[PDB]
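Quick setup: the structure tokens below cover two forms of a single protein chain, split into structure 1 and structure 2.
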Structure 1
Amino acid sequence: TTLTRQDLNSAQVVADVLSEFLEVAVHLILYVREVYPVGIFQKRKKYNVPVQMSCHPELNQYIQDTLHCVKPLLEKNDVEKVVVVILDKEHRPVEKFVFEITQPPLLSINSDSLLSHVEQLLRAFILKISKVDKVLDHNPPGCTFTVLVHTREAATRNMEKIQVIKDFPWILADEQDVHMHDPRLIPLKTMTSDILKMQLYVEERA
């Protein structure tokens, strides 16, 4: 039997770890940028550091449904970027938290110590997000958020405009929900490892 990258147990494990990291990061961004009120969040521990978890069931289910779709894309190494876009009441983008991801074309079948230094890496990103409010101006009241995903274009590109994954429909975002005229770029953290390279930065409206 011939195996593809996604068939590797290691690929599935890393995808699970990274998908959960994105969930923790999204919750934290929503908290520190006050997209949702502080009242719905509760302090919890992840990667041995304090994090903030929404206790609103609807929002939690939405975030899980969204990110569950990214999991298979991660296993196949087709994800290039996952972005959390914060928009004002005028539907204009005010901040964008960009998570760039690269993974090797394969992972070892000798899964021995696959996740040995991964936690320290994820922890560093969470800590940077935790204090990001110190380098950003407060957002206007009434903001909302959208999650954007960029993948690598394969051979037989799918031309379908409404692509469904795990019973969740996705569509192409419009220029309005993304375009920012020469925004301020703020690097947060860039790290590498044998199983992943990730770069997080924020784009802030001028």
Structure 2
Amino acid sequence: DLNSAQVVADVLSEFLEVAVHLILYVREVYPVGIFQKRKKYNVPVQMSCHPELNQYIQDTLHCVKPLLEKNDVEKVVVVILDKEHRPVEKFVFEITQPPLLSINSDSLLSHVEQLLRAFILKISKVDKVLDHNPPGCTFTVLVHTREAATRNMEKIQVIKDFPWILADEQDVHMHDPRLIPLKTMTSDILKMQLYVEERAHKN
């Protein structure tokens, strides 16, 4: 019954959570000591074992799911910020959803999972093409909406104690930078591409 967006919201919410953990591990935002290997998408991934960090990531993506359901999300961006709170690297997930359709949990769900696995695999080897980040980096998640975020400024307030707000220009601005394509996928319920924007000189 036109459950296309709902399934994508769930599938993507779960994928993005795994993707954020892996990114944090491969970009050394936190020590390898807090990560533990897990099995996701039939592939070995590194997941954090710190409750607070885990809850933070969960809450973040929990709030994005409703926006995904209404297909108001243009991009979900995992941003790595330096000590000066300026973007050093950006993992951009650009999302496009086809018109609503009624999906039957069978092969289409497993097909989408197989396509998402390629993204996990690419993120896992990104440290081979990216220069190491300077010490002191932190991270955040940015959500680009198709319409003014002001309209979705209330739809995203899914959780109390976990408010969202409009981002600044600095939190997004990057000179140049170096662009690295990772993977693109197409399917009946989701079209998505992931690429990284890296600061030219990390010093």
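Take the two forms, find the largest set of C-alpha atoms that superpose within 1.5 Å, and that set is the rigid core. Residue positions are counted from 1 along structure 1's sequence.
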Core superposed first: is there a CA shift of 2 Å or greater at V135 between structure 1 and structure 2? no
Is the shift of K45 between structure 1 and structure 2 large enough to count as movement, that is, does its C-alpha move by 2 Å or more after the core is superposed? no
Would you tell me if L114 moves between structure 1 and structure 2 by 2 Å or more at its C-alpha, with the rigid core held superposed? yes
Expressed in angstrom, the C-alpha movement of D78 between structure 1 and structure 2 on a rigid core superposition is 1.0
Quick one: how many Å does the C-alpha of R157 shift between structure 1 and structure 2 once the rigid core is superposed? 3.9
How much does the C-alpha of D167 shift between structure 1 and structure 2, in angstrom, given a rigid core superposition? 5.3
